[PDB]
């Protein structure tokens, strides 16, 4: 009922959304634009914003430390770009995150003698990305998608769900099918649906 929120920025948000969304402890994901000053970001109209991701996670299952580790492994900001704006950003929500981040950045910068160009700033506003970016890899496979969209009875219902992130994670080649079968039963849906959902899945 009460969870924790991380807001990261690491280039295109498709990869992340399908990566984080396949990690255990990750409850939900939304991709969007954060870091800028305009009130109207869109995919080709960022202004000063950056392609970002908001991860709703359970601190009892996954730490902000683990997340930061994934964050700096999913990309390499060890090059100076930082052109016009910043591709690599960490948006902290409380001082807890701000200090772990400022510390872990200091760790790699020391353990590698190589300056990391990740920005650590306070989250001012996260602007939600257009619907065709939400659970991208999932939305592409249109049969699995339209099936799940019905089961959850709405677009928004699906993309907030943990299961979509896992599916979208699996399709992107970021999940062993066995783990998907687990996350599938954790919903406990009527067997007709299950088999049908699982049906599209075994045909790969």
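Positions refer to the first chain, counted from 1.
Novice: Using only C-alpha atoms and the B-factors in the entry, which stretch averages higher, 39-47 or 162-170?
Specialist: Higher mean C-alpha B-factor: 162-170.
Novice: For the C-alpha atoms alone, is the average B factor greater in 195-203 or in 4-12, going by the entry?
Specialist: Taking the mean C-alpha B-factor of 4-12 and of 195-203, the larger value falls to 195-203.
Novice: Between 126, 79, 72, 132, which one tops the list for C-alpha B-factor in the PDB entry?
Specialist: Going by the entry's C-alpha B-factors, 79 comes out highest.
Novice: What's the residue among 87, 120, 93, 111 with the greatest CA temperature factor in the PDB record?
Specialist: Of the options given, 111 has the highest CA B-factor in the PDB entry.
Novice: Lowest, middle or highest third: where is residue 28 by C-alpha B factor in its chain?
Specialist: Its C-alpha B-factor belongs to the middle third of this chain's values.
Novice: Relative to the other modelled residues of the same chain, rank the CA B-factor of residue 138 and answer lowest, middle or highest third.
Specialist: Ranked within chain, residue 138 CA B lands in the middle tercile.
Novice: Please place residue 175 in the lowest, middle or highest third of its chain by C-alpha B factor as given in the entry.
Specialist: Top third by C-alpha B-factor.
Novice: Using the B-factors in the PDB entry, rank residue 55's C-alpha atom against the chain and give the third, lowest, middle or highest.
Specialist: Lowest third - that is where residue 55 ends up once the chain's C-alpha B-factors are sorted.
Novice: Could you say whether, by C-alpha temperature factor, residue 34 belongs to the lowest, middle or highest third of its chain?
Specialist: Within its chain, residue 34 is a lowest-third residue by C-alpha B-factor, going by the deposited values.
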